[PDB]
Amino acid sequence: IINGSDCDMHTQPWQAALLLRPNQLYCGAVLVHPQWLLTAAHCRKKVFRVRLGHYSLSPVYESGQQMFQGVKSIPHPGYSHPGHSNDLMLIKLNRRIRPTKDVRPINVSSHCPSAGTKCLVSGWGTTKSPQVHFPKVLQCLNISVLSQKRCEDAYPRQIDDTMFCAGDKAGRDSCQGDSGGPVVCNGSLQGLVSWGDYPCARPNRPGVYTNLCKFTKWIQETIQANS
């Protein structure tokens, strides 16, 4: 997250981090069900761990912490390179979460975001671009949803309704390391960090996020088919 601020503690209980030994965080994820996470399809990995209810980046022990193992990874069937449409994937935890003020799922909105909607995106990604610089703790940033028209103009021929743009204010954007992370609007999960221009936070170049309102039926049917 470029130009964000340390998140308040306990305000992102659905935020997750994906790690692959020792504790190298490669993507964020979002707890959307007592036993399911949602992350970007390009964040797929065979072996990895899931960390929930943990504020800092380093593996410093925290009381609210809860570690898990991903038993099943299911990317949306429409995901493809280099278009990157349908950039979402379901991950099943080995066991259900112990609900607490630290670890709590969030609902996925079925109503699509309209131009002007203020949303909050969080992550442990780099706070600088192109120079890499990781934060100490979870970063938060409010971004506003642009119109699908402007979105398409900014990235001609590389955008469809499976995504949406957000982040008008310059110097502020999501970046590498935030991928798979949540974009919350109106108390609901509206999107996942997917991609954007590079370097991050270039003026008039908004971040592109997975448009989750288009996948509620698939998400719920997939979870039920594996319960």
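All residue numbers refer to positions in the sequence shown, first residue = 1.
Across the two stretches, 84-92 and 67-75, the PDB entry reports the greater mean Cα temperature factor for 67-75. Across the two stretches, 212-220 and 21-29, the PDB entry reports the greater mean Cα temperature factor for 21-29. The PDB entry assigns the greatest CA B-factor among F164, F48, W36, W195 to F48. When the modelled residues of the chain are ordered by their C-alpha B factor, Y155 lands in the highest third.
Sort the chain's modelled residues by C-alpha temperature factor and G125 lands in the lowest third, per the entry. In this PDB entry, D173 carries a Cα temperature factor that places it within the middle third of its chain's modelled residues.
Sorting the modelled residues of the chain by their CA temperature factor places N186 in the middle third.
Among the modelled residues of the chain, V103 sits in the middle third by CA temperature factor in this PDB entry.
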